[PDB]
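A quick write-up on the structure given underneath.
Reconstructed Cβ throughout: ideal geometry from the backbone, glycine too, with neighbour counts over all protein chains shown. Since every read-out is calculated from the coordinates, none of them should be taken as a lab result.
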Amino acid sequence: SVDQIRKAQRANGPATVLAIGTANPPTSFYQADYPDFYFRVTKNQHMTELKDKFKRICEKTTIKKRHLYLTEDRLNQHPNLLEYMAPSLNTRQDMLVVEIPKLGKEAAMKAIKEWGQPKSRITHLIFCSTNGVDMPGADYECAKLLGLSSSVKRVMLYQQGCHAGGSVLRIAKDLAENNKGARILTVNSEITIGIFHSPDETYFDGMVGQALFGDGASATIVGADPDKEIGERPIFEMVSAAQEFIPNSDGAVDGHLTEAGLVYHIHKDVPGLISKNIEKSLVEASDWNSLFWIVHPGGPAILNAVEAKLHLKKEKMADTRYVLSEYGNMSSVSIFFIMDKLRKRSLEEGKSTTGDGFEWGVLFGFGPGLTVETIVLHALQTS
Amino acid sequence: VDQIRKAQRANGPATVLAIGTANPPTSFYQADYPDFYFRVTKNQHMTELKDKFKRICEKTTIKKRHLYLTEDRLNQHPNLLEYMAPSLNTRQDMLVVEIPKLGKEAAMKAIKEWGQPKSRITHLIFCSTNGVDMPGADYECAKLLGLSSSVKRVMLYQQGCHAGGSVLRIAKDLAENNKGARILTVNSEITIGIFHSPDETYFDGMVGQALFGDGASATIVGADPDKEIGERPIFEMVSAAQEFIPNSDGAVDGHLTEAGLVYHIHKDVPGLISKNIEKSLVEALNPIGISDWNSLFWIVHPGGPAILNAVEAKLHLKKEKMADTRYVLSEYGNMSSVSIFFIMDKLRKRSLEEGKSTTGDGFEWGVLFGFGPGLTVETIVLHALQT
Ligand SMILES: [Cl-]
Ligand SMILES: [Cl-]
């Protein structure tokens, strides 16, 4: 009878995205003014040559705006954040354990409101955050703040990196497709409390990270067997979710949790390693310009290397480069912002499908490994 | 797309096809642990403190634990022997190396029993409380094992002791939703991140120092097993549920600090778990009800003798139900998420040694329990197989 339960318990259709909600800390910092803010709060305005070096770094990110939790006052009250390598892991944990679930709940409510169904029908919760490891984790805190059922099956993804956007979706695919009537709440929340560092004396990776990473949170509802009779509208259908690590790049992008916070390292072979090894996962998963693209905006060098290797016209990266410009690199949250804009803009423009008129698409995540997450999406009609 | 969905979907239930376990070689017996634990921490003088710790070690009903932190190891890193001193950088330097390596040991064993080459492994779920790193231990263990570049990895960090059932619950969906999928689970719990020095006050750490032991586990989970190639089904997973007991998030804490993992375990945890065990029972058994909890076999996470007795009492379980659980607790201590895997392997092996009709002590249906911070209760209904 266990094989009878197996069919009575599984869903039938592919996992579909039923709703998307986003959030960001209120304070926005314009990239053209961040270097002047960054060197002031650290009390390094006298380092003119280092300040103009950090300006040029921020100019070349193509980022125009970023939302950050760490305001000038928060840094003023926690001086250990402004010391280069002083022990500040505890003071970082103190803000992160509280704010990670809070910003996540903020984005989760927007997704739930759009979805429109009662919270009781949420059966799973996938919470993803790079920073703020705690026991119990943010998956429990967010479920507690949202008021979900005690029976919510939770998955807590800590310290994964920027690729975890595709990971969350790849996990939600199996949970939603394998369980009849399941409605998976995904929550990605990234706040740069754990990676903030002061100006550099041989740590410009932080400067490269200070100029690139921004704060934000995202949430989706993923479920199979969408039900229009109640008002469920599927946005995209997930067709396949793959993951591979770039063989020779264990140290290309690494992150080590220390007593002075998270110390990251991003080498300059990442664009070359991705571009040279991106076509493999694509052929396994066709004319590249006949697809819509949701690429993780890890940086403009990565975007150009991907855009050049696949011979994509600028049109394909518009949604991606818009998110990078208006929010920066938000780690695993970024691809949800891009997906959200693509589908809203397609629904607004009256396109033939939710994927900018195209029927097939590809979503990318890039992170430590180097890890590449590749998800094949199926756009759906606009009413 | 709906045709791609049906064609890439597995048929039967997720099945455990192999189990492999591993521990750090150096064994430490509980009666001798106070003499050792107080010598390495330069506290041989504290006779009353050492006797107080003996009492706690005796109440654990543990006979021996396999620990990585030996006398030579703790002397290589004296900052671990320092109570609440900066040692996360030191702890991580040992965790990022050992967590994968110890996981690799158990992994190879399960792959040896499995009989298939590591070429057919499609997913790797790695779980470990300590040693958060980027890329994670899931990647390092995939690299040490030489797994496929395209393995779909899941990295569970800082979860707690229930995470053993969380792994299987995840493995259940990955194996059943993908035809041909072979999921490698790897749990690796080493007390490097939780090791602390004797403090007469810190009752939680004294409990944790006398309760937690090092160990690694690994299983092969997959649906639609191929008997002709050498795959032997052990247990079939029927239902995987999770629950958090309301208003109990302060009972079991866990804060990663600059001095390592600072955990708290309060004495109402036994009571808290026993009062709400039936709620997780009824939910996991979906619509099925049980008029006698002894009509099933049991795999309970041995968080401690007080929790085992309360669960056994609440459910009125026969002593034979906790035998495999109390054996693992006795022989290895609390290995966090790893412990239930030792119990499952003890159950299926002991069942075959006695010639039981099923791999679950002659009983067809069984329940697996994980307990952790939340309070979180992982409940998994298991199906046993014949001969
Ligand atoms: Cl469900
Ligand atoms: Cl697969």
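Structural remarks
- Within the stretch A:160-186, the set of residues being hydrophobic (A, V, I, L, M, F, W, C) and within 16 Å of ligand 1 (Cβ to nearest atom) comprises A:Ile171, A:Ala172, A:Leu175, A:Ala176, A:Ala182, A:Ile184, A:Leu185.
- Considering (1) more than 18 Å from B:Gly103 (Cβ to Cβ); (2) more than 16 Å from ligand 1 (Cβ to nearest atom); (3) acidic (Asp, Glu), the lone condition that B:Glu189 does not fulfil carries the number (1).
- Scoring B:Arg120 on the criteria (1) away from ligand 2 (no atom under 13 Å from the Cβ); (2) away from chain A (no Cβ under 11 Å) leaves a single failure, condition (1).
- Hey, A:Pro136 away from ligand 1 (no atom under 16 Å from the Cβ) and farther than 28 Å from A:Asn76 by Cα or not: yes
- Among (1) in a strand (DSSP E or B); (2) away from every other protein chain (no Cβ under 11 Å); (3) of a type in the set (A, V, I, L, M, F, W, C), the one test that B:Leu168 misses: (1)
- Of residues in the stretch A:213-228 being within 14 Å of another protein chain (Cβ to nearest Cβ) and in a loop (DSSP other than H, G, I, E, B), the one nearest to the chain's Cα centre (by Cα): A:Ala224
- If you go through the stretch A:172-193 and keep only what is closer than 30 Å to A:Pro79 by Cβ and among the polar types (S, T, N, Q), you end up with A:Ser189, A:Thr192.
- Residue match in the stretch A:142-152 (condition: among the small types (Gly, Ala, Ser), more than 14 Å from ligand 1 (Cβ to nearest atom), over 19 Å from the mean Cα position of the chain (by Cα) and on the phi > 0 side of the Ramachandran plot): yes
- Subset of the stretch A:133-148 [at the interface with another protein chain (Cβ under 9 Å from one of its Cβ atoms) and either surrounded by fewer than 24 Cβ atoms within 10 Å (Cβ to Cβ) or of a type outside the set (A, V, I, L, M, F, W, C) (or both)]: A:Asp134, A:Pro136, A:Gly137, A:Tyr140, A:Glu141, A:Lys144
- Residue match in the stretch B:249-266 (condition: polar (S, T, N, Q) and more than 20 Å from the chain's Cα centre (by Cα)): yes
- Residue that is farthest from B:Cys57 (Cα to Cα) [pool: residues in the stretch B:305-350 that are part of a loop (DSSP other than H, G, I, E, B) and in contact with a strand residue (DSSP E or B) (Cβ under 7 Å, 6 or more places away or on another chain)]: B:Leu317
- Test: residue in the stretch A:15-26 that is assigned to a loop (DSSP other than H, G, I, E, B) and within 14 Å of another protein chain (Cβ to nearest Cβ): yes
- Neighbours by Cβ (under 7 Å, 6+ apart or cross-chain): first from the stretch B:179-204, among the small types (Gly, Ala, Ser); second within 16 Å of ligand 1 (Cβ to nearest atom): B:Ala181/B:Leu174
- Only listed residue being assigned to a loop (DSSP other than H, G, I, E, B) and of a type outside the set (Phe, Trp, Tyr), chosen from B:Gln159, B:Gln209, B:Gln242: B:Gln159
- Among the residues of this structure, A:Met109 does not count as one that is away from chain B (no Cβ under 11 Å) and touching a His at 6+ places or on another chain (Cβ under 9 Å).
A quick yes/no check of all residues on (1) surrounded by 19 or more Cβ atoms within 10 Å (Cβ to Cβ); (2) within 14 Å of another protein chain (Cβ to nearest Cβ); (3) within 27 Å of B:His264 (Cα to Cα); (4) not acidic (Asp, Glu):
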{"residue": "B:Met335", "(1), (2), (3), (4)": "yes, no, yes, yes"}
{"residue": "B:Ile340", "(1), (2), (3), (4)": "yes, no, yes, yes"}
{"residue": "B:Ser351", "(1), (2), (3), (4)": "yes, no, no, yes"}
{"residue": "B:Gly374", "(1), (2), (3), (4)": "yes, yes, yes, yes"}
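- Among the residues examined, A:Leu125 qualifies as within 16 Å of ligand 1 (Cβ to nearest atom) and part of a strand (DSSP E or B).
- Candidate set: the stretch B:229-255, residues that are closer than 22 Å to B:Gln8 by Cα and more than 10 Å from chain A (Cβ to nearest Cβ); chosen: the one surrounded by the most Cβ atoms within 10 Å (Cβ to Cβ): B:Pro233
- Considering the stretch B:175-226, the residues that are farther than 27 Å from A:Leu257 by Cα and among the polar types (S, T, N, Q) include one that is surrounded by the most Cβ atoms within 10 Å (Cβ to Cβ), namely B:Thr219.
- Residues that are in a helix (DSSP H, G or I) and of a type in the set (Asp, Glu), drawn from the stretch A:72-95: A:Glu72, A:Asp73, A:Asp94
- Taken over the stretch A:272-292, the residue count meeting the criterion of being buried (at least 20 other Cβ atoms within 10 Å of the Cβ) and either in contact with a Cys (Cβ under 7 Å, 6 or more places away or on another chain) or within 30 Å of A:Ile193 (Cα to Cα) (or both) is 2.
- Matching residues, the stretch A:173-212, being at the interface with another protein chain (Cβ under 10 Å from one of its Cβ atoms) and either within 16 Å of ligand 2 (Cβ to nearest atom) or touching a helix residue (DSSP H, G or I) at 6+ places or on another chain (Cβ under 7 Å) (or both): A:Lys173, A:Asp174, A:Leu175, A:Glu177, A:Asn178, A:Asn179, A:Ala182
- Looking across A:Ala11, A:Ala32, A:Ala86, one residue alone is within 14 Å of chain B (Cβ to nearest Cβ) and over 30 Å from A:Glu177 (Cβ atoms). It is A:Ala86.
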